[PDB]
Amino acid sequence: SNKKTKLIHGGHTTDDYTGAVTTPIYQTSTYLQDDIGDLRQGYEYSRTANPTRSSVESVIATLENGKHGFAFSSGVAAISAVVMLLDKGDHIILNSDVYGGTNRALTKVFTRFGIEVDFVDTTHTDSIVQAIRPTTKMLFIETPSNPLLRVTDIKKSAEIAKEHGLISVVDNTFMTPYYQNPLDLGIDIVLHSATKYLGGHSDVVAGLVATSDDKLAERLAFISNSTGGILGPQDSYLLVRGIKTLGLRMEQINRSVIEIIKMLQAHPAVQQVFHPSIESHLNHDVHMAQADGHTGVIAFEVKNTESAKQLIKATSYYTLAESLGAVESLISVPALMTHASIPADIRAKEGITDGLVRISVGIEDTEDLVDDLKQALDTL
C-alpha cells in the first residue's frame, strides 16, 4: 500500500525453500541440471542469472513500478549498458551538466565507437526539440543534476521522446524511487547509482536499471550477459538490506535539509543556495509536480577557497569524502574535487565558483547538523 510498507514487502526477498525471511546469498557460479536443458528454478550460470541478484532486480522493478530490473557492478556500468542499446551513427541528447562520469564515458569512450553526443540545457524542454537530429535515438536526463541541482521536466521529456521515436532515460539517483518515479511519467528506462542512497551505507558500489518495456528489457539482458558488468551476490544482498530503511533515511534527510536551508539562507557568510525546494529555484514548480520530496544534496556559495577549506575543518559532523547518500553527512568542494580540470574562467561562468560547497545530508540529528554547520560558518 503506502511507500514505507512497499519498501518492506515489495519484491521477492525471502526464501521459498526454507522460509528464511531474508534473501540467501548464492555465492555460486553454476547450477546442477537434472537433465540437459532442464533447470530446477531457471538458473544455469550466475553471469546470466543469480538468485540473490534476481532478488535485488525484483526490488528495483517493484519500487519504480516497472516490470524488469537489472543489477550492474556500478552506476557507470548501468549507464554503459544502456548506451550500448545504440549503434555507431546514433545520436544521444543529454543535459549539459550531467554527472562527470557519464560525460567521461560518452565523450571519451563511446564517441570512439561512433556514438554522437549533444549536451543541451534541458531546463527548457524546447532545447531538446531543437537538438533532435534525424539520427537521434536516445534522450538521457538527470534531474536534479550535480552540483547545482538543475531540474528538468520529466513528463514533457517523455512526451518529446515518444513523439520523435526516442528511448527516454532518467538517472534517478538523487531522488531515489521513494520520491520520484520516472516510469510512471512515460520514461522508457530509469537507472540509479545504488552506490549512493539505495545502498545507503557507503559500502556497496552498484548500479540498478528498471523498465516496463519487454523488448528494451530483452536487449538490456542480452547486453548484460554479453559484456558482463553484473553485480555480485554479496553486494546484491547488502543492497536489498540497505533498501529496507530507504524511506526512514530519506525522511530524516529531508527534515534536516529543510532546516539546514533555512539556516544557510539566513547566514551572512553564505551567498547563493542551490536546491529545488527553494521557491525561487528554476523549475521549482516542475520538481514539486514530479516528485514528493527532496534530494539530500545541497550546494551553497561561500567567499572563496580558503573559506571553503575553513568550513570543512571547523565542522564536527560533516566528513570530507567523495560519494553522497551515506548515513554520514558528507562535504566537498566541486571546484577542487570534481571540476578541477575545467579552466577556472569556464568554472566561474558555469557557476562552479571557488567557494561553492556541496554537502550531502545524512541521518544525524537535525539540530546537531544545523548547529554544527552554522557554528562553522560563524568562524568566517
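All residue numbers are counted from 1 along the displayed sequence.
- Taking the PDB entry as given, 346 to 354 carries the higher mean Cα B factor of the two stretches 39 to 47 and 346 to 354.
- Looking at mean Cα B-factors across 71 to 79 and 255 to 263, the upper value is held by 255 to 263.
- Within the selection 170, 240, 204, 269, the deposited Cα B-factor values reach their highest point at 269.
- Among all modelled residues in its chain, residue 26 ranks in the lowest third by Cα B-factor.
- In the PDB entry, residue 57 places in the lowest third of its chain by CA B-factor.
- In the deposited entry, the Cα temperature factor of residue 63 sits in the middle third of values across the chain's modelled residues.
- Ranked by C-alpha B-factor against the other modelled residues of its chain, residue 314 falls in the highest third.
- Remark: residue 212 belongs to the middle third of its chain, ranked by C-alpha B-factor as recorded.
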